>>> print(open('work-v3.cif').read())   # mmCIF, C-alpha atoms and all ligand atoms
data_query
loop_
_atom_site.label_atom_id
_atom_site.label_comp_id
_atom_site.auth_asym_id
_atom_site.auth_seq_id
_atom_site.Cartn_x
_atom_site.Cartn_y
_atom_site.Cartn_z
CA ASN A 1 2.91 16.62 -8.86
CA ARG A 2 2.55 19.92 -6.91
CA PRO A 3 0.60 20.66 -3.69
CA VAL A 4 -1.65 18.08 -2.01
CA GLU A 5 -4.40 18.28 0.57
CA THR A 6 -3.70 17.19 4.11
CA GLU A 7 -6.68 14.83 4.66
CA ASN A 8 -5.78 11.07 4.35
CA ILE A 9 -8.77 9.88 2.31
CA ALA A 10 -7.78 6.19 2.54
CA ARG A 11 -8.42 5.98 6.31
CA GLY A 12 -11.14 3.61 7.17
CA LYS A 13 -11.97 2.70 3.59
CA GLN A 14 -12.65 -0.82 2.28
CA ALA A 15 -9.34 -2.67 1.66
CA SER A 16 -8.58 -6.08 0.30
CA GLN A 17 -5.53 -8.10 -0.67
CA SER A 18 -4.53 -11.25 -2.57
CA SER A 19 -4.57 -13.49 0.47
CA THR A 20 -4.13 -13.16 4.26
CA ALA A 21 -1.62 -14.88 6.54
CA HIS A 22 -0.51 -14.50 10.12
CA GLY A 23 -3.72 -12.58 10.94
CA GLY A 24 -2.46 -9.54 8.82
CA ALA A 25 -5.83 -8.20 7.72
CA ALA A 26 -5.80 -5.82 4.76
CA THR A 27 -7.68 -3.18 6.79
CA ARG A 28 -4.54 -2.76 8.99
CA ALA A 29 -3.01 -0.53 6.30
CA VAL A 30 -5.91 1.94 6.54
CA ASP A 31 -6.49 1.90 10.28
CA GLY A 32 -4.81 5.27 10.99
CA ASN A 33 -1.76 3.74 12.69
CA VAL A 34 1.65 3.77 10.99
CA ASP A 35 3.33 1.61 13.70
CA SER A 36 5.55 -0.67 11.70
CA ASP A 37 6.12 -3.44 14.21
CA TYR A 38 4.11 -6.51 13.15
CA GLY A 39 3.62 -7.49 16.82
CA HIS A 40 1.63 -4.28 17.41
CA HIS A 41 -1.09 -5.53 14.99
CA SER A 42 -1.22 -2.63 12.52
CA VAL A 43 0.70 -4.26 9.61
CA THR A 44 -0.87 -6.40 6.87
CA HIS A 45 0.47 -9.75 5.55
CA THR A 46 -0.42 -11.89 2.59
CA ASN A 47 0.65 -15.45 1.94
CA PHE A 48 4.06 -16.06 0.44
CA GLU A 49 2.88 -16.12 -3.16
CA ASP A 50 3.62 -14.76 -6.59
CA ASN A 51 2.60 -11.22 -7.41
CA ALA A 52 0.94 -10.48 -4.01
CA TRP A 53 -1.12 -7.31 -3.96
CA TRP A 54 -3.17 -5.02 -1.66
CA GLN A 55 -5.85 -2.49 -2.68
CA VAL A 56 -8.00 0.23 -1.12
CA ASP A 57 -11.38 1.36 -2.62
CA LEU A 58 -11.68 5.12 -2.05
CA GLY A 59 -15.41 4.62 -2.62
CA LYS A 60 -15.69 7.30 -5.34
CA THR A 61 -13.35 8.72 -7.97
CA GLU A 62 -10.98 11.24 -6.47
CA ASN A 63 -8.23 13.40 -7.90
CA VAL A 64 -5.16 11.73 -6.38
CA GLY A 65 -1.97 13.56 -5.94
CA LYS A 66 0.05 11.54 -3.40
CA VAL A 67 0.16 7.99 -2.08
CA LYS A 68 2.44 7.35 0.95
CA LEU A 69 3.46 3.77 1.79
CA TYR A 70 4.82 2.87 5.27
CA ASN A 71 6.83 -0.32 5.32
CA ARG A 72 7.01 -3.08 7.93
CA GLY A 73 9.91 -2.33 10.31
CA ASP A 74 10.53 -5.35 12.58
CA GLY A 75 12.14 -8.75 11.90
CA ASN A 76 14.76 -7.68 9.19
CA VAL A 77 12.18 -8.42 6.43
CA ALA A 78 11.63 -4.79 5.23
CA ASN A 79 13.16 -5.82 1.86
CA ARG A 80 10.07 -7.78 0.96
CA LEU A 81 8.66 -4.43 -0.16
CA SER A 82 10.86 -4.24 -3.28
CA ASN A 83 10.29 -4.55 -7.01
CA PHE A 84 6.73 -3.39 -6.93
CA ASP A 85 4.26 -1.11 -8.66
CA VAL A 86 1.80 1.47 -7.21
CA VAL A 87 -1.24 1.54 -9.46
CA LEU A 88 -4.24 3.81 -9.71
CA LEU A 89 -7.45 2.35 -11.21
CA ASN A 90 -10.61 4.07 -12.36
CA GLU A 91 -14.15 3.02 -11.32
CA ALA A 92 -14.20 0.38 -14.01
CA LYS A 93 -10.92 -1.04 -12.57
CA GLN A 94 -8.81 0.02 -15.54
CA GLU A 95 -5.31 1.36 -14.95
CA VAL A 96 -4.96 5.12 -15.12
CA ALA A 97 -1.44 5.38 -13.69
CA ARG A 98 1.41 3.09 -12.65
CA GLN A 99 4.85 3.72 -11.10
CA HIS A 100 7.47 1.10 -10.48
CA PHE A 101 9.96 1.03 -7.56
CA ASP A 102 12.97 -1.10 -7.00
CA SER A 103 13.42 -0.41 -3.27
CA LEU A 104 12.60 1.93 -0.45
CA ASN A 105 16.45 1.84 0.25
CA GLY A 106 15.93 1.11 3.94
CA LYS A 107 13.65 4.18 4.40
CA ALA A 108 10.56 3.60 6.57
CA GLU A 109 8.27 5.35 4.06
CA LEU A 110 7.89 6.06 0.28
CA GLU A 111 6.04 9.09 -1.04
CA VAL A 112 4.62 8.53 -4.55
CA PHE A 113 3.36 11.59 -6.44
CA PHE A 114 0.71 11.41 -9.18
CA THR A 115 -0.08 14.11 -11.73
CA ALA A 116 -3.70 14.89 -10.72
CA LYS A 117 -5.09 11.50 -11.56
CA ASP A 118 -8.78 10.64 -11.27
CA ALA A 119 -8.98 7.23 -9.66
CA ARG A 120 -11.15 5.17 -7.39
CA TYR A 121 -8.70 2.37 -6.38
CA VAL A 122 -5.09 2.45 -5.16
CA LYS A 123 -3.19 -0.84 -5.47
CA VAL A 124 0.31 -1.99 -4.42
CA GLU A 125 1.48 -5.01 -6.51
CA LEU A 126 4.64 -7.01 -5.85
CA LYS A 127 6.37 -8.30 -8.98
CA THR A 128 8.45 -10.95 -7.18
CA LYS A 129 7.89 -14.68 -6.70
CA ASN A 130 7.03 -16.34 -3.45
CA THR A 131 7.10 -13.11 -1.38
CA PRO A 132 4.39 -11.77 1.03
CA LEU A 133 3.21 -8.16 0.90
CA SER A 134 3.17 -6.35 4.28
CA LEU A 135 2.31 -2.68 4.65
CA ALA A 136 2.04 -0.81 7.92
CA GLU A 137 -0.13 1.92 6.33
CA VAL A 138 -1.06 3.41 2.96
CA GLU A 139 -2.22 7.03 3.04
CA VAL A 140 -3.74 8.79 0.01
CA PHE A 141 -4.11 12.57 -0.52
CA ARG A 142 -6.03 14.62 -3.07
CA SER A 143 -4.34 17.13 -5.39
CA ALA A 144 -4.79 20.64 -4.04
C1 LIG A 201 3.52 -17.25 18.04
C2 LIG A 201 2.52 -16.28 17.42
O1 LIG A 201 1.48 -15.95 17.98
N1 LIG A 201 2.89 -15.81 16.26
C3 LIG A 201 4.12 -16.24 15.66
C4 LIG A 201 4.82 -15.02 15.14
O2 LIG A 201 5.23 -14.43 16.31
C5 LIG A 201 4.44 -13.35 16.71
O3 LIG A 201 4.64 -12.21 15.88
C6 LIG A 201 6.00 -11.87 15.76
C7 LIG A 201 6.22 -10.79 14.73
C8 LIG A 201 6.46 -11.35 17.10
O4 LIG A 201 5.64 -10.27 17.47
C9 LIG A 201 6.33 -12.48 18.10
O5 LIG A 201 6.72 -12.05 19.38
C10 LIG A 201 4.91 -13.01 18.13
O6 LIG A 201 4.91 -14.19 18.93
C11 LIG A 201 5.99 -15.60 14.47
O7 LIG A 201 6.81 -14.64 13.86
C12 LIG A 201 8.18 -14.69 14.09
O8 LIG A 201 8.32 -14.52 15.45
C13 LIG A 201 9.67 -14.42 15.83
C14 LIG A 201 9.72 -14.37 17.31
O9 LIG A 201 9.27 -15.62 17.75
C15 LIG A 201 10.30 -13.20 15.23
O10 LIG A 201 9.63 -12.08 15.70
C16 LIG A 201 10.18 -13.28 13.73
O11 LIG A 201 10.67 -12.08 13.19
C17 LIG A 201 8.74 -13.53 13.30
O12 LIG A 201 8.76 -13.92 11.98
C18 LIG A 201 8.56 -12.84 11.07
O13 LIG A 201 7.24 -12.34 11.10
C19 LIG A 201 6.27 -13.25 10.69
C20 LIG A 201 4.90 -12.64 10.89
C21 LIG A 201 6.49 -13.69 9.26
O14 LIG A 201 6.45 -12.62 8.36
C22 LIG A 201 7.86 -14.32 9.20
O15 LIG A 201 8.17 -14.69 7.91
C23 LIG A 201 8.86 -13.31 9.66
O16 LIG A 201 10.16 -13.87 9.64
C24 LIG A 201 5.47 -16.44 13.36
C25 LIG A 201 6.84 -16.73 12.88
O17 LIG A 201 6.79 -17.75 11.92
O18 LIG A 201 4.88 -17.62 13.82
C26 LIG A 201 3.78 -17.29 14.60
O19 LIG A 201 3.43 -18.39 15.41
CA CA A 202 -1.65 0.44 10.13
MG MG A 203 6.36 -3.98 21.38
MG MG A 204 -15.39 -1.90 -3.29
#
>>> encode(input="work-v3.cif", output="C-alpha cells")
Amino acid sequence: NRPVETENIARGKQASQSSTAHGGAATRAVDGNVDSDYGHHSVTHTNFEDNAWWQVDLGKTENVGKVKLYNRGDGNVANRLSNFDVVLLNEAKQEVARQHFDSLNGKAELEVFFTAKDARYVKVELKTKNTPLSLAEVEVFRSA
C-alpha cells in the first residue's frame, strides 16, 4: 500500500460478469471511459440477481497495488454498489486478497489499495440479494 504505477493495466482486457441485462456488456468497465451515465453506454449491468459479480482477466499475473472502481451516476441507483467485496485471484482462480466495503458514501469512485499482491484476476462481488452490479469503469495499477 505505497506508490503505484500510472498505467491502467485493465484497459481493453477480457472481462466477464454473472449475467448481462439492458445491453450493459462487461467490457464497458474496461473501455477507457469513466462516464457514469448509463445512457452514454460505458456502464455495465447484470441481471437483478443474488451475488452478482464482474471480473477482468489481466492476462498474466501482475503485482497489483491499486484497483479503482467508478460507480454508475445517473438514475438515483448508485447505492446498488454497496455491501460488496473486491477480490484478487491467482492464475488458478484462488483468492489471494479480499476487501469488503459497505458503501462508497455517495462518492463517484473508490480507491482500493492492495499490499503488492500477485494476481491475474480482479473481481467485484455483490453480497446482496436481487441487486444488479453496474460499474462505469474498473482501473487496475501495478505496485511501483
Ligand atoms: C427505452 C430504452 O431503450 N431503454 C430503457 C431504459 O432507458 C434508456 O436508458 C436509460 C438509462 C436512459 O438513458 C433512457 O433515456 C434510455 O431510454 C430504461 O431505463 C430507465 O429509463 C428511465 C427513463 O425512461 C430512467 O432513465 C431510469 O432511470 C432508467 O431506469 C434505470 O436504468 C435502467 C438501465 C435500470 O437499471 C433501471 O433499474 C434503472 O431504474 C429501462 C428502464 O427500465 O428500460 C429500457 O427500455
Ligand atoms: Ca466505461
Ligand atoms: Mg446525455
Ligand atoms: Mg480469461
>>> residues_around(input="work-v3.cif", residues="segment 7-21 of chain A", least_positions_apart="3", cutoff="7 Å", atoms="only C-alpha atoms", output="PyMOL selection string")
chain A and resi 24-27+30-32+45-47+52-58+139-141
>>> residues_near_ligand(input="work-v3.cif", ligand="ligand CA 202 (chain A)", cutoff="9 Å", atoms="only C-alpha atoms and all ligand atoms", output="ChimeraX atom specification")
/A:27-36,41-44,70,135-138
>>> closest_residue(input="work-v3.cif", among="A:23, A:39, A:75, A:65", to="residue 111 of chain A", atoms="all atoms listed in the file")
A:65
>>> atom_distance(input="work-v3.cif", atom1="atom CA of residue 103 of chain A", atom2="atom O7 of ligand LIG 201 (chain A)")
23.2 Å
>>> closest_residue(input="work-v3.cif", among="A:74, A:40, A:5, A:93", to="ligand MG 203 (chain A)", atoms="all atoms listed in the file")
A:40
>>> closest_residue(input="work-v3.cif", among="A:68, A:129, A:120, A:60", to="residue 89 of chain A", atoms="all atoms listed in the file")
A:120
>>> closest_residue(input="work-v3.cif", among="A:102, A:128, A:86, A:38", to="ligand MG 203 (chain A)", atoms="all atoms listed in the file")
A:38
>>> atom_distance(input="work-v3.cif", atom1="atom CA of residue 1 of chain A", atom2="atom CA of residue 67 of chain A")
11.3 Å
>>> axis_aligned_box(input="work-v3.cif", around="segment 92-95 of chain A", padding_each_side="6 Å", output="lines of an AutoDock Vina configuration file")
center_x = -9.8
center_y = 0.2
center_z = -14.1
size_x = 20.9
size_y = 14.4
size_z = 15.0
>>> residues_around(input="work-v3.cif", residues="residue 4 of chain A", least_positions_apart="5", cutoff="9 Å", atoms="only C-alpha atoms", output="VMD selection string")
chain A and resid 64 to 66 141 to 144
>>> atom_distance(input="work-v3.cif", atom1="atom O14 of ligand LIG 201 (chain A)", atom2="atom CA of residue 106 of chain A")
17.3 Å
>>> closest_residue(input="work-v3.cif", among="A:131, A:94, A:83, A:115", to="ligand LIG 201 (chain A)", atoms="only C-alpha atoms and all ligand atoms")
A:131
>>> closest_residue(input="work-v3.cif", among="A:82, A:130, A:3, A:37", to="residue 105 of chain A", atoms="all atoms listed in the file")
A:82
>>> residues_around(input="work-v3.cif", residues="residue 107 of chain A", least_positions_apart="3", cutoff="10 Å", atoms="all atoms listed in the file", output="MDAnalysis selection string")
chainID A and resid 70:71 73 78 103:104 110
>>> build_atoms(input="work-v3.cif", residues="segment 75-105 of chain A", atoms="N, CA and C atoms", output="JSON list (two decimals), in the coordinates of the input")
[["chain", "number", "residue", "atom", "x", "y", "z"],
["A", 75, "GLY", "N", 11.85, -7.39, 12.44],
["A", 75, "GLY", "CA", 12.14, -8.75, 11.90],
["A", 75, "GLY", "C", 13.18, -8.82, 10.72],
["A", 76, "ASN", "N", 13.79, -7.71, 10.32],
["A", 76, "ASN", "CA", 14.76, -7.68, 9.19],
["A", 76, "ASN", "C", 14.19, -8.25, 7.87],
["A", 77, "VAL", "N", 12.91, -7.95, 7.60],
["A", 77, "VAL", "CA", 12.18, -8.42, 6.43],
["A", 77, "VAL", "C", 11.59, -7.21, 5.66],
["A", 78, "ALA", "N", 12.12, -6.01, 5.93],
["A", 78, "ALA", "CA", 11.63, -4.79, 5.23],
["A", 78, "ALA", "C", 11.87, -4.91, 3.72],
["A", 79, "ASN", "N", 12.90, -5.65, 3.28],
["A", 79, "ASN", "CA", 13.16, -5.82, 1.86],
["A", 79, "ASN", "C", 12.16, -6.57, 1.07],
["A", 80, "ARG", "N", 11.13, -7.15, 1.71],
["A", 80, "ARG", "CA", 10.07, -7.78, 0.96],
["A", 80, "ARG", "C", 9.29, -6.73, 0.15],
["A", 81, "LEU", "N", 9.30, -5.50, 0.61],
["A", 81, "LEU", "CA", 8.66, -4.43, -0.16],
["A", 81, "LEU", "C", 9.73, -3.84, -1.14],
["A", 82, "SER", "N", 9.86, -4.57, -2.22],
["A", 82, "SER", "CA", 10.86, -4.24, -3.28],
["A", 82, "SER", "C", 10.29, -4.79, -4.56],
["A", 83, "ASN", "N", 10.73, -4.19, -5.69],
["A", 83, "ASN", "CA", 10.29, -4.55, -7.01],
["A", 83, "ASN", "C", 8.77, -4.63, -7.10],
["A", 84, "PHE", "N", 8.18, -3.45, -6.99],
["A", 84, "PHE", "CA", 6.73, -3.39, -6.93],
["A", 84, "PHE", "C", 6.21, -2.19, -7.69],
["A", 85, "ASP", "N", 4.93, -2.25, -8.01],
["A", 85, "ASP", "CA", 4.26, -1.11, -8.66],
["A", 85, "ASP", "C", 3.22, -0.52, -7.71],
["A", 86, "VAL", "N", 3.00, 0.77, -7.83],
["A", 86, "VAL", "CA", 1.80, 1.47, -7.21],
["A", 86, "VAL", "C", 0.92, 1.84, -8.38],
["A", 87, "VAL", "N", -0.33, 1.46, -8.32],
["A", 87, "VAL", "CA", -1.24, 1.54, -9.46],
["A", 87, "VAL", "C", -2.47, 2.28, -9.03],
["A", 88, "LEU", "N", -2.95, 3.17, -9.91],
["A", 88, "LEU", "CA", -4.24, 3.81, -9.71],
["A", 88, "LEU", "C", -5.23, 3.25, -10.73],
["A", 89, "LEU", "N", -6.42, 2.92, -10.30],
["A", 89, "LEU", "CA", -7.45, 2.35, -11.21],
["A", 89, "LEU", "C", -8.67, 3.25, -11.17],
["A", 90, "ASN", "N", -9.33, 3.37, -12.34],
["A", 90, "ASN", "CA", -10.61, 4.07, -12.36],
["A", 90, "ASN", "C", -11.78, 3.21, -11.81],
["A", 91, "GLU", "N", -13.01, 3.72, -11.88],
["A", 91, "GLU", "CA", -14.15, 3.02, -11.32],
["A", 91, "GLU", "C", -14.45, 1.72, -11.96],
["A", 92, "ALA", "N", -14.06, 1.58, -13.23],
["A", 92, "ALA", "CA", -14.20, 0.38, -14.01],
["A", 92, "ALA", "C", -13.02, -0.56, -13.87],
["A", 93, "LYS", "N", -12.12, -0.20, -12.89],
["A", 93, "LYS", "CA", -10.92, -1.04, -12.57],
["A", 93, "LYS", "C", -9.87, -1.13, -13.68],
["A", 94, "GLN", "N", -9.88, -0.10, -14.57],
["A", 94, "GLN", "CA", -8.81, 0.02, -15.54],
["A", 94, "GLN", "C", -7.71, 0.87, -14.98],
["A", 95, "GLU", "N", -6.47, 0.56, -15.39],
["A", 95, "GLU", "CA", -5.31, 1.36, -14.95],
["A", 95, "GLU", "C", -5.31, 2.76, -15.52],
["A", 96, "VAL", "N", -5.18, 3.76, -14.66],
["A", 96, "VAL", "CA", -4.96, 5.12, -15.12],
["A", 96, "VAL", "C", -3.57, 5.66, -14.80],
["A", 97, "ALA", "N", -2.84, 4.97, -13.88],
["A", 97, "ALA", "CA", -1.44, 5.38, -13.69],
["A", 97, "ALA", "C", -0.71, 4.25, -13.03],
["A", 98, "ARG", "N", 0.60, 4.19, -13.20],
["A", 98, "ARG", "CA", 1.41, 3.09, -12.65],
["A", 98, "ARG", "C", 2.81, 3.60, -12.50],
["A", 99, "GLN", "N", 3.43, 3.41, -11.31],
["A", 99, "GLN", "CA", 4.85, 3.72, -11.10],
["A", 99, "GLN", "C", 5.51, 2.52, -10.50],
["A", 100, "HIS", "N", 6.70, 2.21, -10.96],
["A", 100, "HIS", "CA", 7.47, 1.10, -10.48],
["A", 100, "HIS", "C", 8.60, 1.56, -9.56],
["A", 101, "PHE", "N", 8.88, 0.76, -8.53],
["A", 101, "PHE", "CA", 9.96, 1.03, -7.56],
["A", 101, "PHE", "C", 10.80, -0.15, -7.28],
["A", 102, "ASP", "N", 12.12, 0.03, -7.30],
["A", 102, "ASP", "CA", 12.97, -1.10, -7.00],
["A", 102, "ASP", "C", 13.05, -1.33, -5.50],
["A", 103, "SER", "N", 13.14, -0.29, -4.69],
["A", 103, "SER", "CA", 13.42, -0.41, -3.27],
["A", 103, "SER", "C", 12.87, 0.80, -2.58],
["A", 104, "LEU", "N", 12.79, 0.74, -1.24],
["A", 104, "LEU", "CA", 12.60, 1.93, -0.45],
["A", 104, "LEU", "C", 13.99, 2.43, 0.08],
["A", 105, "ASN", "N", 15.03, 1.59, -0.16],
["A", 105, "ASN", "CA", 16.45, 1.84, 0.25],
["A", 105, "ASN", "C", 16.64, 1.90, 1.76]]
